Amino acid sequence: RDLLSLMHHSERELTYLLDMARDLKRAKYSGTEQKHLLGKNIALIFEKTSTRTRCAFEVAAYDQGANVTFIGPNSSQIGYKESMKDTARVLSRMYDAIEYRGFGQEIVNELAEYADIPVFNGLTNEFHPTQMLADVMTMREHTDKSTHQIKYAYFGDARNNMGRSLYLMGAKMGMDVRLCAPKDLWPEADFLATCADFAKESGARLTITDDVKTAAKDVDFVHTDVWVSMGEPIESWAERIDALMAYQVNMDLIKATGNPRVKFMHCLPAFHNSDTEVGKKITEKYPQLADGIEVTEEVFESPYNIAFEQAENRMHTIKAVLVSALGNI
């Protein structure tokens, strides 16, 4: 969806944000962080509740000295008696920045050019460029080696936003990335060409297989995302589960890498057990899945797992965007 924003950015532009995030994170850890958004007011306007990326946004903003007004579906009826267009045009005159998550990519653009101020196009939850920056910043941080030397793979539905995004990102940064999925769940091959271009001029190793052991070779990072269809009733998942349970990240797929240093990453949320309400619903129809779907309780509750460090890095990545767009240096 919104990875035509991630396509117009150069390796050098993306590297500027990864450096700002790396330094902002270091400043907070060493208590050298100067507030550059002191006295700025920011509206956080969400169509759906999404407490992980809300928090990431609030904490970025508060560390940088800003105030926040969260407006959730709970607290608003935006689009009911008053246009979203009208409400934005009022808030754009009161707030120094506004952040719209949900609502579709179409109207956010409309109320953006009017705006006398920054209007972030789904900077939160969205399989955003910010998600790719967090992931690359996470991998860069853990291997302590040049970005272009980093080896990673995505396992599951290569057609979904994390897969397309992690591949396009690999192609932009000159990294060694492998999409590993069923051959009928591969990106539409014209997309696979736009990535093959960037990769020649940036020198990225692209490699889209359907064989696990191929892709899992000497990778520093194994990635997956939820591949069950939450849109469709649980009753009809059988066919889907059959296609992808090969591509589950289990302890065996970690070992298959024969790199005892390898790390697992996951943008979250992650079906890895039955603690959740939807877990129970799934596992009641599908008792094989008591122990996880795209990834197992074994791997998730193991030291290979750095998804929480990676969720943290969304906060430093969001902050680096907010400071870039409102801090004046």
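Start at 1 with the first residue shown and count on from there.
- Legend: mean Cα B-factor per stretch from the PDB entry, 11 to 19 versus 315 to 323; the higher mean is in 11 to 19.
- In this entry, 282 to 290 shows the higher mean Cα temperature factor of the pair 282 to 290 and 62 to 70.
- Going by the entry's values, 218 shows the largest Cα B-factor out of 135, 218, 96, 157.
- You'll see in the entry that, of 261, 266, 272, 36, the Cα B factor peaks at 261.
- In the PDB entry, residue 85 places in the highest third of its chain by CA B-factor.
- The deposited CA B-factor of residue 50 belongs to the middle third of values across its chain.
- Split the chain's modelled residues into thirds by C-alpha temperature factor. Residue 189 is in the highest one.
- Sorting the modelled residues of the chain by their CA temperature factor places residue 146 in the highest third.
- Sort the modelled residues of the chain by CA B factor and residue 240 lands in the middle third.
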